[PDB]
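Here we start with a single chain on its own, the form deposited in one PDB entry, put down as structure tokens.
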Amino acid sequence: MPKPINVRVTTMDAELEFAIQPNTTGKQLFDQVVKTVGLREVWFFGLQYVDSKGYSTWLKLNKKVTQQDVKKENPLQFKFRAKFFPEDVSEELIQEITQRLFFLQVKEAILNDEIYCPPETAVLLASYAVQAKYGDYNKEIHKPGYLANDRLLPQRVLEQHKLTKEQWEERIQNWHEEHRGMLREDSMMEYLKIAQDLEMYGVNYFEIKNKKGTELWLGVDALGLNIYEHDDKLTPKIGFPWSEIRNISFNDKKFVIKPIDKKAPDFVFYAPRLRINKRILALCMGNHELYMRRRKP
């Protein structure tokens, strides 16, 4: 009689562990996590893991987690993260819990430079993050240098020799002071409001190439498909909202965008490995279904 498998699921700010059955499905496991967290806006999330070959991967709901080549470790390692992003944080993130998990994930991303962010904006962001952690600024508790141990800015901004840490840190203090009567909840939501407008926010980039053989970037967001030149991942060269796409399919390393736009050329591009296009497709499918449920429903 088969022994249970140990699994470790980690949210941005929590450690969860379960004892799964040899025949448990990704869906049943997802069900457990969500029920345990009390998350309701489930359509945004999913479970992430690394496969035996080393790649990061999204867990398939409709299968036995045991049949998904997830790198064998004692407690199996899983990461609960947001897979899809809303079009407007304010209208779609209702639960206080969902709001927090998005703030925590987006912040990390900013902090790692995964999402470009102008220095002055970065400081402005950092200030809300502290109002959320340290509450209101009290001159007696929050003595100067109360942040010198915090990770607040990306390493990219600190490289601004125009100022120094303590300088940058007091810049943030100014903005912290200005946020006095602000709730924790509200501050995290302002952070999200400011970050959702950043060009690189919510877009999944993929290294691609066209007929010509030229390097190109492919972005999949909640709103459609964007093709970026190489030196610029902020501003698209050609776009394709979900309401402008008639059909998208891939051949081996062949991707065809069929535009609803009756008298417009099909856009075609080639992606490196096959398992890549496989995932690019899954995202398109997802952001598309989420795009519809926002209108037609």
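We call the rigid core the largest set of C-alpha positions that still match within 1.5 Å between the two forms. The first residue of the shown sequence is 1; numbering continues from there.
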Higher average CA B factor in the deposited record is what I'm after, so tell me if that's 197-205 or 174-182.
174-182
Per the PDB entry, mean CA B-factor is higher for 272-280 or 16-24, namely for 272-280
Which has the highest CA B-factor per the PDB entry: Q77, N210, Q155, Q131?
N210
Looking at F44, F30, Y55, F240, which has the highest Cα B-factor in the entry?
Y55
Ranked C-alpha temperature factor of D252 among modelled chain residues, by third:
highest
Ranked C-alpha temperature factor of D150 among modelled chain residues, by third:
middle
Considering every modelled residue of the chain and its Cα B-factor in the PDB entry, is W168 in the lowest, middle or highest third?
middle
Please place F102 in the lowest, middle or highest third of its chain according to the CA B-factor in the PDB entry.
lowest
In terms of the chain's CA B-factor thirds, is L93 lowest, middle or highest?
middle
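Below: the form deposited with a partner chain bound, not depicted.
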Please determine whether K258 contacts the partner chain in the bound PDB entry, using a 4.5 Å cut-off between heavy atoms.
yes
Is there a heavy atom of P236 no more than 4.5 Å from a heavy atom of the partner chain in the bound PDB entry?
yes
Would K71 count as touching the partner chain in the bound PDB entry under a 4.5 Å heavy atom rule?
no
Tell me, yes or no, whether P265 is in contact with the partner chain in the bound PDB entry, where a contact means a heavy atom of each within 4.5 Å.
yes
Checking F30, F240, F45, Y49 against the partner chain in the bound PDB entry, the residue with a non-hydrogen atom inside 4.5 angstroms turns out to be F240
Students should find that, of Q160, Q77, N204, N210, the residue having a non-hydrogen atom no more than 4.5 angstroms from the partner chain in the bound PDB entry is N210
Report the stretch among 114-122, 172-180, 140-148, 210-218 that approaches the partner chain in the bound PDB entry to within 4.5 Å, counting heavy atoms only.
210-218
The residue to pick from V34, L61, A264, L234, given a Cα shift of 2 Å or more between the shown form and the other one after core fitting, is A264
When you overlay the rigid core, is the Cα of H161 off by 2 Å or more between the shown form and the other one?
yes
Mind checking the CA-CA distance of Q160 and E229 in the bound PDB entry? It differs by 3 Å or more from this form, so is it closer or farther?
closer
